[PDB]
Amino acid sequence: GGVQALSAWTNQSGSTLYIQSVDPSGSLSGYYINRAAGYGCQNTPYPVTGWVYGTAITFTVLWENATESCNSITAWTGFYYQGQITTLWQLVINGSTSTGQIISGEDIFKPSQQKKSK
């Protein structure tokens, strides 16, 4: 447990980051399920791009999937430290007109370990 290729992280509001691939250049690829009260784009998967560099991570999701659109983007900035990813996020809405319309917060993502099945 650093920040692995094929890891799953769940924040305090129930949402989950599926990192499926971190290539050698540090480039990240995954998808996000939002379960956060009061927000759109819940319960379906959206694509994640970002970067990893040691314990440092950025990732950003576009809120336009096949089932639902919220005309917005989020970008987390954060770090892996003692079994958690602690992040600060910023959310722009399309058509915004000042940095005052940008919404801010903090998510602490705790891991979930890989079950085997069938």
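Start at 1 and count along the sequence shown; that's the residue number.
Between 106-114 and 93-101, it is 106-114 that carries the larger average Cα temperature factor according to the deposited entry. In this PDB entry, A56 carries a Cα temperature factor that places it within the lowest third of its chain's modelled residues. Sort the chain's modelled residues by C-alpha temperature factor and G78 lands in the lowest third, per the entry.
When the modelled residues of the chain are ordered by their C-alpha B factor, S15 lands in the lowest third.
Ranked by Cα temperature factor within the chain, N43 sits in the middle third according to the deposited record.
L88: CA B factor lies in the lowest third for its chain, per the PDB record.
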